[PDB]
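In structure tokens, one chain follows: the form deposited in one PDB entry.
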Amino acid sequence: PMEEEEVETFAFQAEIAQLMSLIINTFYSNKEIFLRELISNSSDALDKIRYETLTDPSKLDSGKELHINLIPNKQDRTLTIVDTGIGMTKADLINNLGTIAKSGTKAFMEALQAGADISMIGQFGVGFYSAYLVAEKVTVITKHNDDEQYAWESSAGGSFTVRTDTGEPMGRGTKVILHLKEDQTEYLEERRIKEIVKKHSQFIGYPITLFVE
């Protein structure tokens, strides 16, 4: 009766672990930029699948619709962003997603401590980690047609877990669930969200829809 799943635990790279440590325990005013960065990565994934479908139309068999959906849940206190982009594989996650640190991140870390904002450091391609500005734990589900559906989740602390997702199949794309901090509950109202998206992400070449309960 009981289904026992395989799970795998990895550690964040030293500089990323330190990054998360600063990001969470440092006060930033312009944290609203997290939405811009996340939407950018989703739209990037949309670009990728878009270019894929040029040479391979069967990439759209998993879904023809290409847009981004934001689903805030007032009871869960979570902000879920789902896209129907190209998606990413297990290798992409562990090699080029939650481990994006490089020789040079050191200066960026010190910059943040010296009074830099997240907007500037995000340019280093660490904009994905901006989720911890508003959320304390983030779960990212993704599936690429050349691989299975995977479930990533981490509460920072230097470690993260990933496994094959036995949950609801997405077909293709990415699902990011931000578990927002109590002092960041304002980002569950459409009034906050639409204000930020219109301001920072109006020039997106892909449709955006907000599901408000």
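Just count from 1 along the sequence shown to find any residue number.
There is also a form deposited with a small molecule bound; it is not shown, and the following applies to it.
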| item | value |
| --- | --- |
| Full three-residue contact with the small molecule in the bound PDB entry, heavy atom 4.5 Å, for 18, 110 and 112 | no |
| In the bound PDB entry, the one of 147, 44, 52, 165 near the small molecule [non-hydrogen atom within 4.5 angstroms] | 44 |
| Residue 93, heavy atom within 4.5 angstroms of the small molecule in the bound PDB entry | yes |
| Touches the small molecule in the bound PDB entry: residue 97 (any heavy atom, 4.5 Å) | yes |
| Touches the small molecule in the bound PDB entry: residue 118 (any heavy atom, 4.5 Å) | no |
| Residue 152 within 4.5 Å of the small molecule in the bound PDB entry, heavy atoms | yes |
